[PDB]
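Next up: just one chain, as structure tokens, the form deposited in one PDB entry.
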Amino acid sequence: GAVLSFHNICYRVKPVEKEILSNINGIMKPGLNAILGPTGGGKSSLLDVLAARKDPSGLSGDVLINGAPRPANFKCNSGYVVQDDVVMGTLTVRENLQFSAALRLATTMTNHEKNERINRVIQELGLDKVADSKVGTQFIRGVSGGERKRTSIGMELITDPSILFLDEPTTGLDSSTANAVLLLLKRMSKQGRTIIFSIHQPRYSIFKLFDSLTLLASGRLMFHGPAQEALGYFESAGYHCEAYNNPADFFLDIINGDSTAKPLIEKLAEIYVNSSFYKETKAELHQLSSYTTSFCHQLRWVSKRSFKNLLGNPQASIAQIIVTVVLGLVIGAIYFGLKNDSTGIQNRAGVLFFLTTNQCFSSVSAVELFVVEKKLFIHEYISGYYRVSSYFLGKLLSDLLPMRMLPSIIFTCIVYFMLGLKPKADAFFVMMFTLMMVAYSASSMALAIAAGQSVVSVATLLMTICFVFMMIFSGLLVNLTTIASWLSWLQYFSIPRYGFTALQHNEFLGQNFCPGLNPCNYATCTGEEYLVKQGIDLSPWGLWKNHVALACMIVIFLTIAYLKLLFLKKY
């Protein structure tokens, strides 16, 4: 079995540094161990310290498994269940468990075997009725909080861990369900596994199951030792129960100073260090003194989950495609029959500008989903599911690449022929390629800004402002040849400028807009004159210059996003 231990633990958090956890010493031998305490005592913090999910800076003690230091496979042979559930709402119960099994259990096992394990877990936790139902989504009403909580427990159990950490496994659950969960852990603990969990308001039947007990309060350790002997320890100092049927209440009332015999917290702790229990553990403590699956598998499974999540959030995929089609048709109707007249220049420039800005501003919606999933990404990376690289490339090849390509194609196919733009194939494909490139560049910039930011509103605001400032330098609202020199350099940071310039160069090159024709100066009859007055070049190199600039921006921004994820605080 696994014999966890700790000694002289203290933790500090920040300027001013405060100690959430003061001196703590204990041994969590195999079996079933518990951590009772009042709210704010530090139950969740100690658990993370034991499971190495806290920044090692603050930690000021030694944690040992079976005497030897922490192995590098610790997170490959342990499980952690979070106080606040992190479960992808858009998926069903079974799908989430499948995801955990696939990326944590080794690939040597057959997929049928894994599904058999998954079914067994579901039956044990009583999730059969909602096995294939969806977890809650904003659009889709889903399972209750209790079923969601048990689902998080399931994902960790599937790994068949030798060590399991749980935080408030029984919250939002009625007594019957709570008892079933605890009995399962007890059965799971009579085989050599070590189970550590924090609980609120146990029943007497449950409390008898506890083998080892830990009692936190305001950081201090009031009592650690066998659960059955806890009553005797308190009785010696005073506090003869003889009132409460449930002992768990008897402990908490003492801590809150509601029972008969400087602060009561410090006073009680001083008693423990003088107890035999502290002496025994000090004697024992002093005496004692990688990823399962490869890159490709992680990529496939992450991309799959992203596909499903995207389809489950309609506003970002289905709605964008539908509005794309509607806009294409309306534009085709509004600009139908472009004429080489006085009005041709205006309408052509306007439509191209509209398409460009539409591609740029549509990227905001997708990345917002990248923002909301920061918490899940951190939790899964810490738990040891996947690497950063796999998550990044999967989200790209599932969300950014497929969906952002289509709007360009739809817009070109619908608009080009209805309006009557350049009737040559080269122009058609150039238009499609250019729109694709601006879309990808905007998405990459959005990712660079949004990656690592927790709040959706702030990221949305920042990206919107940046796109606005780009749009001012697109080449239509202002003439770039009239801008002062000390500000003109900014026009090279604008994506819409490159796309818009390319489209203009493609459309205006061989057109005359004065129908019947002593040249009339101050008049732009020919398209080339308009291009010149707007600053654009006439060589073939201008178009391709814009395109290569877009590609370089894509690469730069995506790389920045990867680095922002890499140097993030995953603790």
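Rigid core (definition): largest C-alpha set, two forms, superposition within 1.5 Å. The numbering used is simple: start at 1 and walk along the sequence shown.
Below, we turn to the form deposited in another entry, even though it does not appear here.
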| item | value |
| --- | --- |
| Entry of 355, 450, 195, 439 that shows, once the rigid core is matched between the shown form and the other one, a C-alpha shift of 2 Å or more | 195 |
| Core superposition between the shown form and the other one, C-alpha change of residue 404 at least 2 Å | no |
| Core-superposed C-alpha of residue 27 shifting 2 Å or more between the shown form and the other one | yes |
| Yes/no, residue 535 Cα shift of 2 Å or more between the shown form and the other one with rigid core fixed | no |
